[PDB]
Structure formats: structure tokens, C-alpha cells
Amino acid sequence: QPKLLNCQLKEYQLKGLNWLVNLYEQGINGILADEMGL
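If you want the authors' numbering, it's the position in the sequence shown, counting the first as 1, plus 963.
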């Protein structure tokens, strides 16, 4: 995780970060649609 973060991402959020990164580095946009309060 990026060392600029204060509080650690939980495991399901780190996989969500990786998805968001891979969206960016491949030039495609996305909808992050996981359930409220996640």
C-alpha cells in the first residue's frame, strides 16, 4: 500500500486498490460498486 496512508487498508480493500491501479495502468475507467460501509 502507498506509504502516504495513515491507517492500513484491509485485505478486501487492498485487492480493491489493485483493481483500481490496473484500471489506470491499462487506460480504462471503472465503477467501484462494493456495498455501503465497506
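C-beta atoms are modelled at their ideal positions from N, C-alpha and C, and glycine is treated no differently.
So what's residue i in DSSP terms, helix, strand or just coil?
i	result
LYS978	helix
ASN985	helix
Can you find the residues in the same chain that come closer than 7 Å, C-beta to C-beta, to residue i, ignoring five residues on each side of it along the sequence?
i	result
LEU986	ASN992 and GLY993
Within its chain, find whatever has a CB closer than 8 Å to the CB of residue i; leave out the 5 residues flanking it on each side and keep chain order.
i	result
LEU983	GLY993 and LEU995
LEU977	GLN964
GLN971	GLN964
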